[PDB]
Amino acid sequence: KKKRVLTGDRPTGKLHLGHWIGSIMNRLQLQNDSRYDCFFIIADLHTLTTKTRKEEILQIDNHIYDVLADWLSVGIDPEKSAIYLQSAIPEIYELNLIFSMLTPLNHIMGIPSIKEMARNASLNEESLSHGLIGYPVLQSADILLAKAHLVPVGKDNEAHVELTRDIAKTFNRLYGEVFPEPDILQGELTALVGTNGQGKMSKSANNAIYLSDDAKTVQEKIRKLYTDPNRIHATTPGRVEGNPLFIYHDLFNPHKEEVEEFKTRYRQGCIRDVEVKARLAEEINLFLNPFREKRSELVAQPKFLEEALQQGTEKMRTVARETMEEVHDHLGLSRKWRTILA
Ligand SMILES: N[C@@H](Cc1c[nH]c2ccccc12)C(=O)O
Ligand SMILES: [Ca+2]
């Protein structure tokens, strides 16, 4: 009666506070729920859809290390959940090809993320790779190879999983019922704003606070935190609405009555930003300290990182063999000869 959950990330580097708020907290909630069996993909094949230079591919090993350390440090549990490496699941390549054959190109090119990449490519006199166009087909293979029931994804990925549902329906219609139609689990509409107040917090915008930033670094990034540009002087009445300083206090400062007093004094102008910022840094550091302590243990004994990925990959490999046996039984391309050739 247990439902399968699958979600994860391309390995791109260290995790930041936006990852925690936007997706990691929900992944812990799902993992701790007895109704679910969680699979967390480290999607190294998907990095090739945009990063193919040898120097970029070389860094994937490092990115996987950083992902495992951050995931385990916040409590993603490798015995309860299956943390696995996408490229290490041999069946993914064949299921990807099968689904490619079942997906009309016009159903991919209308996906808003793909449409935007295609418009930018044309603008720049480039052409997207066949593999990048196939991004949601490969993601559909990830989800359905696990026969997942529930898929947490960010807003820009929901349409990918809508394609996954259509691929499951097409396969089941043509060849008989094999795949659950996955349900999308939606996140918040507002990703956490970055430290410069310009868009979401992201590695590429260089406006992130990383879960692994040390105390001094958190202090410096909060010191330079974008606030209210109209608050010219320390005595000027300020705006709390839209203000990253108070967006962060609400999320990370547990002392609710202090935050409400700061907000009032800020609107009245009778508080220095240094007071509100020093306290924000103190509370983010207190929030981060237990992560840092566990991450330090994992970095000191990397066998825990290796065991995590070994255990999860072996669990996903088992599931993938069982799923593909069912796929072969229902699709049955050259079934007799492939038996003869086994
Ligand atoms: N597309 C996700 C990674 C990913 C690959 N396969 C998935 C399956 C389910 C959820 C997420 C994924 C990302 O942008 O990082
Ligand atoms: Ca081992």
# chains A, B, ... in the order shown; residues from 1 in each chain; ligands from 1

call {"tool": "select_by_dssp", "arguments": {"residues": "stretch 87-229 of chain A", "states": "alpha helix (DSSP H)", "output": "ChimeraX atom specification"}}
result
/A:91-102,105-109,112-123,130-133,135-145,155-175,215-223

call {"tool": "residues_near_ligand", "arguments": {"ligand": "ligand 1", "cutoff": "10 Å", "atoms": "only C-alpha atoms and all ligand atoms", "output": "PyMOL selection string"}}
result
chain A and resi 5-12+39-47+86+135-144+146+148+150-154+156-158+160-161+164+184

call {"tool": "residues_around", "arguments": {"residues": "stretch 304-318 of chain A", "least_positions_apart": "3", "cutoff": "8 Å", "atoms": "only C-alpha atoms", "output": "list in words"}}
result
residues 39, 65, 68, 69, 72, 78, 79, 81, 82, 83, 84, 85, 88, 89, 90, 146, 298, 301, 321 and 322 of chain A

call {"tool": "write_last_selection", "arguments": {"atoms": "N, CA, C and O atoms", "output": "PDB file, in the first residue's frame"}}
result
ATOM      1  N   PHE A  39      12.535   7.839  -3.694  1.00  0.00           N
ATOM      2  CA  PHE A  39      13.694   7.690  -4.573  1.00  0.00           C
ATOM      3  C   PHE A  39      14.197   9.087  -4.890  1.00  0.00           C
ATOM      4  O   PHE A  39      13.407   9.955  -5.280  1.00  0.00           O
ATOM      5  N   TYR A  65      29.567  14.648  -5.210  1.00  0.00           N
ATOM      6  CA  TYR A  65      30.071  14.676  -3.844  1.00  0.00           C
ATOM      7  C   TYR A  65      29.363  15.750  -3.030  1.00  0.00           C
ATOM      8  O   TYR A  65      28.897  15.490  -1.912  1.00  0.00           O
ATOM      9  N   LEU A  68      25.613  14.842  -2.317  1.00  0.00           N
ATOM     10  CA  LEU A  68      25.486  13.834  -1.265  1.00  0.00           C
ATOM     11  C   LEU A  68      25.785  14.416   0.111  1.00  0.00           C
ATOM     12  O   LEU A  68      25.081  14.123   1.085  1.00  0.00           O
ATOM     13  N   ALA A  69      26.869  15.186   0.230  1.00  0.00           N
ATOM     14  CA  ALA A  69      27.197  15.762   1.533  1.00  0.00           C
ATOM     15  C   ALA A  69      26.079  16.664   2.028  1.00  0.00           C
ATOM     16  O   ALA A  69      25.687  16.594   3.200  1.00  0.00           O
ATOM     17  N   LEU A  72      22.757  14.428   2.793  1.00  0.00           N
ATOM     18  CA  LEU A  72      22.857  13.658   4.026  1.00  0.00           C
ATOM     19  C   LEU A  72      22.962  14.566   5.241  1.00  0.00           C
ATOM     20  O   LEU A  72      22.434  14.227   6.313  1.00  0.00           O
ATOM     21  N   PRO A  78      19.809   7.453   3.703  1.00  0.00           N
ATOM     22  CA  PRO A  78      20.055   6.494   2.612  1.00  0.00           C
ATOM     23  C   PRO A  78      19.543   5.095   2.868  1.00  0.00           C
ATOM     24  O   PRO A  78      19.541   4.275   1.934  1.00  0.00           O
ATOM     25  N   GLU A  79      19.174   4.773   4.103  1.00  0.00           N
ATOM     26  CA  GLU A  79      18.529   3.504   4.387  1.00  0.00           C
ATOM     27  C   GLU A  79      17.026   3.592   4.152  1.00  0.00           C
ATOM     28  O   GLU A  79      16.431   2.658   3.603  1.00  0.00           O
ATOM     29  N   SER A  81      15.415   6.057   2.239  1.00  0.00           N
ATOM     30  CA  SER A  81      15.211   6.442   0.856  1.00  0.00           C
ATOM     31  C   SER A  81      16.317   5.845   0.000  1.00  0.00           C
ATOM     32  O   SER A  81      17.329   5.352   0.512  1.00  0.00           O
ATOM     33  N   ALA A  82      16.127   5.902  -1.313  1.00  0.00           N
ATOM     34  CA  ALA A  82      17.103   5.356  -2.261  1.00  0.00           C
ATOM     35  C   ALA A  82      17.708   6.518  -3.040  1.00  0.00           C
ATOM     36  O   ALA A  82      17.079   7.060  -3.955  1.00  0.00           O
ATOM     37  N   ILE A  83      18.919   6.918  -2.657  1.00  0.00           N
ATOM     38  CA  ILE A  83      19.658   7.965  -3.359  1.00  0.00           C
ATOM     39  C   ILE A  83      20.475   7.275  -4.445  1.00  0.00           C
ATOM     40  O   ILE A  83      21.323   6.430  -4.134  1.00  0.00           O
ATOM     41  N   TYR A  84      20.247   7.627  -5.711  1.00  0.00           N
ATOM     42  CA  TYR A  84      20.890   6.843  -6.768  1.00  0.00           C
ATOM     43  C   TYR A  84      21.423   7.741  -7.874  1.00  0.00           C
ATOM     44  O   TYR A  84      20.996   8.882  -8.047  1.00  0.00           O
ATOM     45  N   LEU A  85      22.382   7.197  -8.621  1.00  0.00           N
ATOM     46  CA  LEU A  85      23.023   7.902  -9.723  1.00  0.00           C
ATOM     47  C   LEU A  85      22.372   7.464 -11.029  1.00  0.00           C
ATOM     48  O   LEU A  85      22.412   6.285 -11.383  1.00  0.00           O
ATOM     49  N   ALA A  88      24.028   5.223 -13.668  1.00  0.00           N
ATOM     50  CA  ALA A  88      24.340   3.886 -13.196  1.00  0.00           C
ATOM     51  C   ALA A  88      23.155   2.939 -13.284  1.00  0.00           C
ATOM     52  O   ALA A  88      23.265   1.804 -12.821  1.00  0.00           O
ATOM     53  N   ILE A  89      22.018   3.386 -13.818  1.00  0.00           N
ATOM     54  CA  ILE A  89      20.858   2.506 -13.965  1.00  0.00           C
ATOM     55  C   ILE A  89      20.805   2.065 -15.423  1.00  0.00           C
ATOM     56  O   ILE A  89      20.356   2.840 -16.270  1.00  0.00           O
ATOM     57  N   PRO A  90      21.263   0.852 -15.765  1.00  0.00           N
ATOM     58  CA  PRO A  90      21.433   0.508 -17.193  1.00  0.00           C
ATOM     59  C   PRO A  90      20.147   0.598 -17.995  1.00  0.00           C
ATOM     60  O   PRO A  90      20.188   0.959 -19.174  1.00  0.00           O
ATOM     61  N   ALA A 146      10.935   3.874 -12.317  1.00  0.00           N
ATOM     62  CA  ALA A 146      10.675   3.608 -10.910  1.00  0.00           C
ATOM     63  C   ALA A 146       9.212   3.312 -10.620  1.00  0.00           C
ATOM     64  O   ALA A 146       8.875   3.010  -9.466  1.00  0.00           O
ATOM     65  N   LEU A 298      30.553  13.962   7.667  1.00  0.00           N
ATOM     66  CA  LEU A 298      30.491  13.240   6.401  1.00  0.00           C
ATOM     67  C   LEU A 298      31.737  13.489   5.566  1.00  0.00           C
ATOM     68  O   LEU A 298      32.243  12.576   4.906  1.00  0.00           O
ATOM     69  N   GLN A 301      34.556  11.357   6.951  1.00  0.00           N
ATOM     70  CA  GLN A 301      34.417   9.922   6.683  1.00  0.00           C
ATOM     71  C   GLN A 301      33.582   9.719   5.431  1.00  0.00           C
ATOM     72  O   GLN A 301      32.410   9.321   5.499  1.00  0.00           O
ATOM     73  N   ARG A 321      15.190  -3.297 -13.082  1.00  0.00           N
ATOM     74  CA  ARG A 321      15.102  -4.599 -13.739  1.00  0.00           C
ATOM     75  C   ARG A 321      13.673  -5.122 -13.730  1.00  0.00           C
ATOM     76  O   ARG A 321      13.208  -5.692 -14.725  1.00  0.00           O
ATOM     77  N   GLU A 322      12.969  -4.960 -12.613  1.00  0.00           N
ATOM     78  CA  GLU A 322      11.603  -5.456 -12.535  1.00  0.00           C
ATOM     79  C   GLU A 322      10.694  -4.679 -13.472  1.00  0.00           C
ATOM     80  O   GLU A 322       9.893  -5.277 -14.199  1.00  0.00           O
TER      81      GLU A 322
END

call {"tool": "atom_distance", "arguments": {"atom1": "atom CA of residue A:53", "atom2": "atom CA of residue A:15"}}
result
23.3 Å

call {"tool": "closest_residue", "arguments": {"among": "A:155, A:19, A:328, A:35", "to": "residue A:186", "atoms": "only C-alpha atoms"}}
result
A:155

call {"tool": "select_by_dssp", "arguments": {"residues": "stretch 32-275 of chain A", "states": "strand (DSSP E)", "output": "PyMOL selection string"}}
result
chain A and resi 36-42+82-85+150-153+183-186

call {"tool": "write_last_selection", "arguments": {"atoms": "N, CA, C and O atoms", "output": "PDB file, in the first residue's frame"}}
result
ATOM      1  N   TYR A  36       4.992   6.561   2.162  1.00  0.00           N
ATOM      2  CA  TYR A  36       5.785   6.740   0.953  1.00  0.00           C
ATOM      3  C   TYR A  36       7.105   5.981   0.989  1.00  0.00           C
ATOM      4  O   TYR A  36       7.686   5.740   2.048  1.00  0.00           O
ATOM      5  N   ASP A  37       7.557   5.613  -0.204  1.00  0.00           N
ATOM      6  CA  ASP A  37       8.885   5.051  -0.443  1.00  0.00           C
ATOM      7  C   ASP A  37       9.587   6.003  -1.402  1.00  0.00           C
ATOM      8  O   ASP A  37       9.207   6.103  -2.573  1.00  0.00           O
ATOM      9  N   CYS A  38      10.611   6.712  -0.916  1.00  0.00           N
ATOM     10  CA  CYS A  38      11.221   7.793  -1.686  1.00  0.00           C
ATOM     11  C   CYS A  38      12.456   7.360  -2.461  1.00  0.00           C
ATOM     12  O   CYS A  38      13.321   6.650  -1.939  1.00  0.00           O
ATOM     13  N   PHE A  39      12.535   7.839  -3.694  1.00  0.00           N
ATOM     14  CA  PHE A  39      13.694   7.690  -4.573  1.00  0.00           C
ATOM     15  C   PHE A  39      14.197   9.087  -4.890  1.00  0.00           C
ATOM     16  O   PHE A  39      13.407   9.955  -5.280  1.00  0.00           O
ATOM     17  N   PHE A  40      15.488   9.328  -4.683  1.00  0.00           N
ATOM     18  CA  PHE A  40      16.071  10.638  -4.961  1.00  0.00           C
ATOM     19  C   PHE A  40      17.149  10.479  -6.024  1.00  0.00           C
ATOM     20  O   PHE A  40      18.210   9.905  -5.761  1.00  0.00           O
ATOM     21  N   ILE A  41      16.900  11.038  -7.195  1.00  0.00           N
ATOM     22  CA  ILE A  41      17.799  10.868  -8.333  1.00  0.00           C
ATOM     23  C   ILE A  41      18.848  11.965  -8.312  1.00  0.00           C
ATOM     24  O   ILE A  41      18.545  13.147  -8.095  1.00  0.00           O
ATOM     25  N   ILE A  42      20.098  11.572  -8.539  1.00  0.00           N
ATOM     26  CA  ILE A  42      21.160  12.502  -8.909  1.00  0.00           C
ATOM     27  C   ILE A  42      21.319  12.359 -10.421  1.00  0.00           C
ATOM     28  O   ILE A  42      21.794  11.326 -10.909  1.00  0.00           O
ATOM     29  N   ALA A  82      16.127   5.902  -1.313  1.00  0.00           N
ATOM     30  CA  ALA A  82      17.103   5.356  -2.261  1.00  0.00           C
ATOM     31  C   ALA A  82      17.708   6.518  -3.040  1.00  0.00           C
ATOM     32  O   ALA A  82      17.079   7.060  -3.955  1.00  0.00           O
ATOM     33  N   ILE A  83      18.919   6.918  -2.657  1.00  0.00           N
ATOM     34  CA  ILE A  83      19.658   7.965  -3.359  1.00  0.00           C
ATOM     35  C   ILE A  83      20.475   7.275  -4.445  1.00  0.00           C
ATOM     36  O   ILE A  83      21.323   6.430  -4.134  1.00  0.00           O
ATOM     37  N   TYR A  84      20.247   7.627  -5.711  1.00  0.00           N
ATOM     38  CA  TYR A  84      20.890   6.843  -6.768  1.00  0.00           C
ATOM     39  C   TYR A  84      21.423   7.741  -7.874  1.00  0.00           C
ATOM     40  O   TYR A  84      20.996   8.882  -8.047  1.00  0.00           O
ATOM     41  N   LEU A  85      22.382   7.197  -8.621  1.00  0.00           N
ATOM     42  CA  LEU A  85      23.023   7.902  -9.723  1.00  0.00           C
ATOM     43  C   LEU A  85      22.372   7.464 -11.029  1.00  0.00           C
ATOM     44  O   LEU A  85      22.412   6.285 -11.383  1.00  0.00           O
ATOM     45  N   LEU A 150       4.125   9.709  -7.266  1.00  0.00           N
ATOM     46  CA  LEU A 150       4.115  11.096  -6.830  1.00  0.00           C
ATOM     47  C   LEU A 150       5.452  11.730  -7.180  1.00  0.00           C
ATOM     48  O   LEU A 150       6.508  11.158  -6.885  1.00  0.00           O
ATOM     49  N   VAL A 151       5.407  12.900  -7.810  1.00  0.00           N
ATOM     50  CA  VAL A 151       6.641  13.529  -8.280  1.00  0.00           C
ATOM     51  C   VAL A 151       6.660  14.987  -7.838  1.00  0.00           C
ATOM     52  O   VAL A 151       5.985  15.829  -8.449  1.00  0.00           O
ATOM     53  N   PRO A 152       7.385  15.326  -6.768  1.00  0.00           N
ATOM     54  CA  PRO A 152       7.615  16.742  -6.451  1.00  0.00           C
ATOM     55  C   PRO A 152       8.536  17.353  -7.496  1.00  0.00           C
ATOM     56  O   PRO A 152       9.579  16.787  -7.831  1.00  0.00           O
ATOM     57  N   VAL A 153       8.142  18.511  -8.019  1.00  0.00           N
ATOM     58  CA  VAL A 153       8.948  19.222  -9.004  1.00  0.00           C
ATOM     59  C   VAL A 153       8.696  20.702  -8.835  1.00  0.00           C
ATOM     60  O   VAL A 153       7.650  21.125  -8.325  1.00  0.00           O
ATOM     61  N   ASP A 183       1.282  11.625 -10.159  1.00  0.00           N
ATOM     62  CA  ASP A 183       0.703  12.885  -9.716  1.00  0.00           C
ATOM     63  C   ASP A 183       1.842  13.860  -9.465  1.00  0.00           C
ATOM     64  O   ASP A 183       2.898  13.473  -8.958  1.00  0.00           O
ATOM     65  N   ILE A 184       1.632  15.110  -9.841  1.00  0.00           N
ATOM     66  CA  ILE A 184       2.605  16.166  -9.581  1.00  0.00           C
ATOM     67  C   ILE A 184       2.358  16.726  -8.185  1.00  0.00           C
ATOM     68  O   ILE A 184       1.225  17.063  -7.824  1.00  0.00           O
ATOM     69  N   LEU A 185       3.420  16.829  -7.389  1.00  0.00           N
ATOM     70  CA  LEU A 185       3.383  17.581  -6.143  1.00  0.00           C
ATOM     71  C   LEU A 185       3.988  18.961  -6.392  1.00  0.00           C
ATOM     72  O   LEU A 185       5.157  19.073  -6.777  1.00  0.00           O
ATOM     73  N   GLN A 186       3.187  20.002  -6.200  1.00  0.00           N
ATOM     74  CA  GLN A 186       3.595  21.365  -6.491  1.00  0.00           C
ATOM     75  C   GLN A 186       4.274  21.994  -5.287  1.00  0.00           C
ATOM     76  O   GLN A 186       3.943  21.694  -4.140  1.00  0.00           O
TER      77      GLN A 186
END

call {"tool": "atom_distance", "arguments": {"atom1": "atom CA of residue A:332", "atom2": "atom CA of residue A:319"}}
result
19.3 Å
